[PDB]
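A closer look at the structure
Spelled out from the first residue to the last, the chains are:
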Amino acid sequence: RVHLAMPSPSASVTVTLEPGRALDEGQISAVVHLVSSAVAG
Amino acid sequence: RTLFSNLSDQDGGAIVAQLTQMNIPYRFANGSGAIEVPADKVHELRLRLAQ
């Protein structure tokens, strides 16, 4: 569930991972830098 | 075995689904319908609950 703040811009993603797994610290940066660079500014 | 006390019926049903998935019998409790399993499987069942 991705949400944007378009008027300083910001984004909020609510990810429900598959039961029985957990992304690592360098793995959350995946969705973080994906939704950040999918949004201008 | 009283692994958990007075679990809700939704939790019992979900564990029943996962138990149909695995193999361990998906039993009920005293008028509450809370899953019950053999003595050894409670460990791995609670591990599945954690997952």
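cryo-EM is the method the PDB entry lists for this structure, together with a resolution of 3.4 Å.

What follows deals with the overall build of chain B. Along the backbone of chain B there are 2 helices and 0 strands. Relative to the globule expectation of 10 Å for 51 residues, the C-alpha radius of gyration of chain B, 10 Å, shows essentially globular dimensions.

Across its full length, chain A carries 1 helix and 2 strands. In chain A, the succession of helices and strands from N to C terminus is β-β-α. Its C-alpha atoms give chain A principal-axis dimensions of about 40 × 20 × 15 Å. Here chain A holds 41 residues, and 5% of them are scored as buried. Of the roughly 3600 Å² of accessible surface on chain A, a fraction of 57% belongs to carbon and sulfur atoms.

Our focus in this paragraph is helix α1 (residues 25-37) of chain A. With 13 residues, α1(A) should reach 18 Å at 1.5 Å per residue; the first-to-last C-alpha distance of 19 Å fits that figure. Where α1(A) starts, the residue carrying a side-chain oxygen 2.6 Å from the main-chain nitrogen of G26(A) turns out to be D24(A).

This next bit is on unusual backbone geometry. Phi is positive for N6(B), close to 60°, though the residue is something other than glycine. Along the chain, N6(B) turns up in the segment before α1 (9-22).

Residues and elements named next belong to chain A. Along the chain, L23 falls in the loop between β2 (11-13) and α1. For the pair formed by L23 and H33, sequence separation is 10 residues and the distance between their alpha carbons is 14 Å. Apart from the residues within four sequence positions on either side, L23 is in contact with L17 and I28.

Rules and cut-offs
Residues numbered from 1 in each chain as written, not as in the entry; some residues may be left out. Chains lettered and ligands numbered in written order. Part of a larger assembly, values for the part shown. Heavy atoms only, no water. Residues with missing side-chain atoms left out of burial classes, pairs and counts. Helix = DSSP H or I, 4+ residues; strand = E, 2+ residues; numbered from the N terminus. Rg over C-alpha atoms; globule rule 2.2 N^0.38 Å. Buried < 20%, exposed > 50% of the residue type's maximum accessible area, 1.4 Å probe, protein only. Areas by Shrake-Rupley, 256 points an atom, 1.4 Å probe, with all protein chains shown as cover. Expected span 1.5 Å × (residues − 1). Polar contact = N/O pair within 3.5 Å; in protein donor to acceptor, adjacent residues only side chain to side chain. Contact = heavy atoms within 4.5 Å.

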